[PDB]
């Protein structure tokens, strides 16, 4: 699955900062029950930045195990070095994941030619479907529509997670790609707008804690019932915004613990515990969404 409501799932941890299997199972069961279309395992919200490659691979395998064929699983596979992006992708060849989410190199700011060569190479070393992931605010570089057009000509490059929040990109990329190239929002607060312009779903942070509504909203969207969708959206909007009151996933982990979905809200440095003010803000947002 590469459409509807996809969760960018948190990696829940015990107090030592290591993945908590009971909490992960609970989270995966929740997504199955809720109608979530797929899981992104160890993306940005899953703390890929602070997990090493073995720890990252362990979490992917465990998620796939616990999914037990009931919900598809996409692995986060992004790296700023093309060699390392290839090597991480190779870990999951034959794993049972259905695709990889691969971020534009962060830090090193490659040209458009570099972003093309980076992704072309990654795709050539795998049979797995690739979803491009563009988020200039965290990376310092921006994958432009014309380059996405170029990369969509690659057989196993099948979609983009567009996390700029720049809605003009939906139709700019769409005119350049074939009809089966998938366009996913990576920005919760603009994701219904994104779908209304022709997007096919969202890789969502909000879905962590409001998975039924999110699944519902995206179904309505896909059916063209935007006014109906929009009522759910307005309910969720304080969460769409306030899950980023502090750096993600600091707020969404707290919100998971508060809803009894994970055992602890522990994160790895440089992520720090939610502040008192942030805790009151996310609680207000949860109340507004009717989640308690």
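Residue numbers count along the first chain shown, from 1.
The deposited model assigns a higher average Cα B-factor to 133-141 than to the other stretch when 205-213 and 133-141 are compared. Relative to its counterpart among 184-192 and 102-110, 102-110 has the higher mean temperature factor, C-alpha atoms as listed in the PDB entry. For residue 90, the recorded CA temperature factor ranks within the highest third of the chain's modelled residues. In the PDB entry, a CA B factor belonging to the lowest third of its chain's modelled residues is recorded for residue 160. When the CA B factors of the chain's modelled residues are split into thirds, the value for residue 35 lands in the middle one. Sort the modelled residues of the chain by CA B factor and residue 7 lands in the lowest third. Ranked by Cα temperature factor within the chain, residue 120 sits in the middle third according to the deposited record.
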